[PDB]
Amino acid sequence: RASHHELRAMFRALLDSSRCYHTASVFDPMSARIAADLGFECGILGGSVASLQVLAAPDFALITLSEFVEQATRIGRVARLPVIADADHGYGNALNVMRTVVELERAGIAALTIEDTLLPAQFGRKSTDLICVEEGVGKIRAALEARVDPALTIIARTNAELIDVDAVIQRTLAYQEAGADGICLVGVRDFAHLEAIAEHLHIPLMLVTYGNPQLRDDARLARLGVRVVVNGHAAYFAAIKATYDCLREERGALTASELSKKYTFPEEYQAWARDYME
């Protein structure tokens, strides 16, 4: 019964509240139904999980925009809670970002992130790098132009592990001024790190913590402007382990995250990158 637009209103309501919320990992229609049934307030479609499902591949931007959108569209037919799409770098330059936004808003997603990582991996650079802030600003501005339903939330994402706090403040302030509805940060260490970045932000914050034990004080998160916390996709690795255990028993022939990692053939992709990209 909630439409794509109504789901966007619900998400905005979470953001205007004075609490933060932990996302359920929602990657397909079954998991979306599960999350809603357990009473989760919002979910997240991760780019990493889409890449496991479509391709059994590492999180290397191998999936195409169409493939990511098919995943989102399948979730959008059944989702009764608002779903955030991790939309990587927008699948190209700022013109590709427009299309990312059109496709995902139509798929029925409640909110999406665009991040300023230089993707896909560059020739010879075994470093993960960020695009210049000027490019990043144009991508956020491009995303906001492409939006049709103004209830859609556009979250600018950056990586605070890569760069120093003063560059994170600079970029995130620039994205706020560009019109971002929220700021998403990955790589934040602890509360001192967070307070330094949160100080000059007045739009809601989204945190990708991957179960960081030094960011478990939710009351403190919320009063620093954090509304959404993402801990990762254990629920997907648990499904992979279950499938394996069942088949292994049927046959008579590693943790869950190690098992999921193994089936991405990381060594094969690592050999290709060495042989063709360095």
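Residue indices: 1-based, along the sequence shown.
- Select one of none, 1 to 3, 4 to 9, or 10 or more to describe the deposited residues without coordinates separating residue 253 and residue 254. The entry has a gap there, with 4 to 9 residues left out between residue 253 and residue 254.
- Task: Taking the mean of the C-alpha B-factors per stretch from the entry, tell me the winner out of 56-64 and 224-232.
- Result: Mean CA B-factor is higher for 224-232.
- Query: Between 90-98 and 118-126, which has the larger average Cα B-factor in the PDB entry?
  - Reply: Here the higher of the two C-alpha B-factor means belongs to 118-126.
- Options 200, 106, 147, 141 - largest CA temperature factor per the record: By C-alpha B-factor in the record, 200 ranks first.
- Please place residue 29 in the lowest, middle or highest third of its chain by C-alpha B factor as given in the entry. Residue 29: CA B-factor falls in the middle third of its chain.
- Query: Lowest, middle or highest third of the chain for the C-alpha temperature factor of residue 21?
  - Reply: For residue 21, the deposited C-alpha B-factor lands in the highest third.
- Lowest, middle or highest third - CA B-factor, residue 134: It falls in the middle third of the chain.
- Task: Ordered by C-alpha B-factor within the chain, which third holds residue 246? Give me lowest, middle or highest, please.
- Result: Residue 246: CA B-factor falls in the highest third of its chain.
- Query: Of the three thirds of its chain by CA temperature factor, lowest, middle or highest, which one includes residue 170?
  - Reply: For residue 170, whose C-alpha B-factor we compare with every modelled residue in the chain, the answer is the highest third.
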